[PDB]
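Engineer: Experimental structure and its sequence below.
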Amino acid sequence: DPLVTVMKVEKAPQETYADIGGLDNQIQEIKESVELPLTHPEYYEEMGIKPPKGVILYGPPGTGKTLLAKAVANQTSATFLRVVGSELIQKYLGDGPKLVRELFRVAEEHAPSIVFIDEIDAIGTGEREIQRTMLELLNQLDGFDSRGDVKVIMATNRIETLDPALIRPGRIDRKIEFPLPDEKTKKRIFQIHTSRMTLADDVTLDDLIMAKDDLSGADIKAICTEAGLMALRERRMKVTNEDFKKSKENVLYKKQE
Amino acid sequence: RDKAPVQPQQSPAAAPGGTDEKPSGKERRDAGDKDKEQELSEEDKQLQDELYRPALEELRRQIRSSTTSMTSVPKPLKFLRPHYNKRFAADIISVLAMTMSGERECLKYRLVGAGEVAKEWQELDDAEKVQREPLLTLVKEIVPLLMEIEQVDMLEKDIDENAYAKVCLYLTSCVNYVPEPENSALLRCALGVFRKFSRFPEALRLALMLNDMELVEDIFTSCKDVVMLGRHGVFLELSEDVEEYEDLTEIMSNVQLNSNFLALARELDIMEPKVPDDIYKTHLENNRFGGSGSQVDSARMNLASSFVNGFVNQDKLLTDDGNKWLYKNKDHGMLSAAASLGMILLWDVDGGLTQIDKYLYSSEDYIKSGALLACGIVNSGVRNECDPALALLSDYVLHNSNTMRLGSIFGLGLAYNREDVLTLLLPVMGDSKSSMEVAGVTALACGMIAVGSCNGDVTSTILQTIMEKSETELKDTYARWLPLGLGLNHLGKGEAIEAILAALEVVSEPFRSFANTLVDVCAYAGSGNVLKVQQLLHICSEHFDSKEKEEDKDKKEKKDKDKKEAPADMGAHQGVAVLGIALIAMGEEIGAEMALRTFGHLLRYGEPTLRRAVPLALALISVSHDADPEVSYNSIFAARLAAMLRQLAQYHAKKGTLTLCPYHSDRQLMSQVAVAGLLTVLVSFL
């Protein structure tokens, strides 16, 4: 099945928890939440609690940038399990929770891992079967017969799409909120996306953090890629201001289209 | 520009036209020319032409080096004798003289075996010392001793770039791509320039490779003259082999100037820093002595709890959990648990006497024989524990001194060219007892005594064990563990002809031919000899299903440095012996994810020998993801060897011969449990 291969990644990205700033407490809450089991166990197994459920977060920007920038902290030296989009259930006939059983047996054979469910839009997007396979997803996800095996970290986009019944069994450890990226979080995202690259002196920041309006990091990474290649057309690595505004027009048009 | 004014100037063969046309080519020769020197069809008449003939030879080698040639470029320069940060000198010297003198030294290095090439090589040496482009003119002038005067002519102030870069990549490509004698030139000349320079520890690695008595003397009077201490004593004793620490203690006992190198020459000052610093800053959990010491049963998992019990040498509770634990244990477990007291008492030399004396002179011969084994393991420089066992030695069939001979002769072999241990070992090997481990710990004892000697010896020691090896053709395990000590004596050199002497007087029925291929295993510690790699692939398909396991098991020793070539398609074969070859050939390295990836498939197998052999390398290569394989074995098993061996993998989880001999002797575990009595006394662990 080719759909199983595109589920999770087996590489080790160099992006650590020290490459992003501003949300140090928000990243040390999940780092302290899921990095205590199976790693540094003197504060986990001596207490005698073992809540093998993990936190559930949600990113208003989404699109893998914020949620993969928070989940990437566990990807440094560990095995990872990725699940993106609820299309895999709706792109085929109602086979049922057998795919969840496959992820549960590969997670059983891969216990030192992190379960990451992304783009949770099952009920938001037959329709009567989605609710019962989602409630069955909550049933098998609760771990009624298994001991502490893996830490499940769910990640959705809108907190109102999930039914109130999917909260108490799933979210039992802790949940937090993510601030709005208007000027300073987009300034930090711009700094991280423009830390390795070289920019000119005349490149101002107020117009770049002003022309944007509710934008994630995938489009600014896309204009950093096409800006590095477009500026690379002249065999130069320096990104001028007029070329970065010419690439900024893709941002101004993309969100308005 | 256009060649209209200057094109009809090289056609006249007159002397003035050359003596004024050629200086214009030297002026306009800053970037060579405006094109690719298409004027060859017009200067080929000047080829035969000649007052300023050195300029004609210079321009001729300039154009021949400019377009193409193989041998005719350096001839105008070896006949020219050049005497007549810009771009000209950089172009005509740097690259044109780089490839020029490179192909001249290559053609003169391969064709013939005067001093013109020495003058060219020193001229380019100084000119490229001015150019200051390292490792490239160097990496080209490697193959042309002259390298000694080249390094001492160049190593004056640039130490970080030439030592770090040149010694790093030239040492790696000098053990990979350069043969032995030029590596010996690296050792001697590196002893020169590194003796005159700083960074003593790399010269100490040059003592790990040279094994010479003068380097440690000059580095001890120089390290003593230049003023921590216990650290370089620790890795000083770790870096030194068996030869130069007894030679070091005899020369420091001959000088006795400070007696601090005598104090650092033994095992006391390498363990007195470690034990308190390890007990203070680290605190091991007791859930593995209590847990792994609690789920034991079947009289074998309890032995795994005796080994895990031996892991402590912080917490000494499971060690001192009353008595009768050894009395309830069987013989196979009386010897292992008897050596557990030796494993748990690596320090506290003074306490070892009052801890082991309680089991000495007992009624059971195995309790006091394993107690003498403990006394031999706990000490390596005290030499005050041999007398009660070395004294009697007079049974000739069996009285407490064949098992006590295992304990004190094996533990004394671990404690150690001592002549008055072999004068007493002569009746030991000459006894020819039916017990295998007598000649086992004897050949391993004298073998580990003779490791790293002066290119070994073919004396009556290995001659005696070869004659008594071919004395009787019974119990071929003798033929399986006598080549262990034989190879321990042959170890330390590859170019020696002792392997061919064994190919002369040893070649016989495939028993001693397997002995000969074991000598071939331990006689090839590693160099650039890819002939044995293609010969390895040629003899890789031999019908004998053991010389594949050992002769192919040598892979982890031969290419132990270049770990990129070690992974191969051995796992894709169908012979289980080859799966053992790769499974043992993984090694005890840092344990990258590729290794554990190979253990994800090598682990799942149905044979108890391979399923028993996989946790040894799986858990030796990883000493995060430590508990997943143990849960995997809990899911596979839930025989006795799999459970005892997975608990011993819980033991394992949480360039010297001492880290190479024990497991190479452990490569014969597919037999009776008597070998598992020698499994509990390994010294290769860290």
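Structural biologist: Right, received. Where do you want to start? Numbering: from 1, shown residues only, chains lettered A, B, ... in the order given.

Engineer: Would you mind identifying the next helix or strand past the helix or strand hosting residue B:62?
Structural biologist: If you go by DSSP states H and E, residue B:62 is part of helix B:53-64. Of the helices and strands lying after helix B:53-64 in sequence (DSSP H and E), the nearest is helix B:75-78.

Engineer: Mind giving me the packing neighbours of that following helix?
Structural biologist: Judged by 3 or more CB pairs under 8 Å, 6 or more residues apart in numbering or on different chains; DSSP states H and E, helix B:75-78 is in contact with helix B:53-64, helix B:96-110, helix B:116-131. In this view, the C-beta of every residue, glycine as well, is placed from N, C-alpha and C.

Engineer: Report whether residue B:500 is found in a helix, as I expect.
Structural biologist: Yes. The assignment for residue B:500, made by DSSP: H, G, I helix; E, B strand; the rest coil, places it in a helix.

Engineer: So the nearest residue to residue A:140 once chain neighbours are set aside versus residue B:676, what's the distance?
Structural biologist: Here the nearest residue to residue A:140 in space, its sequence neighbours aside, is residue A:100; by CB to CB, 6 or more residues apart in numbering or on different chains that works out to 5.4 Å. When distances are taken as CB to CB, to the nearest Å, residue A:100 and residue B:676 turn out to be 45 Å apart.

Engineer: Ok, residue B:668 next?
Structural biologist: As for residue B:668, its distance to residue B:676 is 11 Å (criterion: CB to CB).

Engineer: ok so, going back, what's the helix holding residue B:62 packed up against?
Structural biologist: Helices and strands touching helix B:53-64, by 3+ CB pairs under 8 Å, 6+ apart, are helix B:15-27, helix B:40-43, helix B:75-78.

Engineer: most packed of the ones you listed?
Structural biologist: Ranked by average neighbour count under the criterion mean count of other CB atoms under 10 Å in any protein chain shown, the helices and strands packed on helix B:53-64 are headed by helix B:75-78 at a mean of 18.

Engineer: Just give the closest residue to the closest residue to chain A within chain B, not the sequence neighbours.
Structural biologist: Going by CB to the nearest CB, chain A is nearest to residue B:628 of chain B, at 5.1 Å. Taking CB to CB, 6+ apart, and ignoring the residues beside it in sequence, residue B:628 has residue A:112 as its nearest neighbour in space, at 5.1 Å.

Engineer: Can you give the distance from the helix or strand containing residue A:31 to the centre of its chain?
Structural biologist: Taking DSSP H and E as the definition, one finds residue A:31 inside helix A:24-34. On the basis of CA atoms, centre = their mean, to the nearest Å, helix A:24-34 is displaced by 14 Å from the centre of the chain it belongs to.

Engineer: Repeat that for stretch A:236-256.
Structural biologist: Counting by CA atoms, centre = their mean, stretch A:236-256 is centred 26 Å from the centre of its parent chain.

Engineer: Name the residues that touch stretch B:442-452?
Structural biologist: Surrounding stretch B:442-452, the residues in contact under the criterion CB atoms under 8 Å, 6 or more residues apart in numbering or on different chains are B:211, B:241-243, B:409-410, B:412-414, B:416-418, B:421-422, B:425, B:428-429, B:456-457, B:461, B:465, B:481-482, B:484-489, B:491-492, B:657, B:661, B:665.
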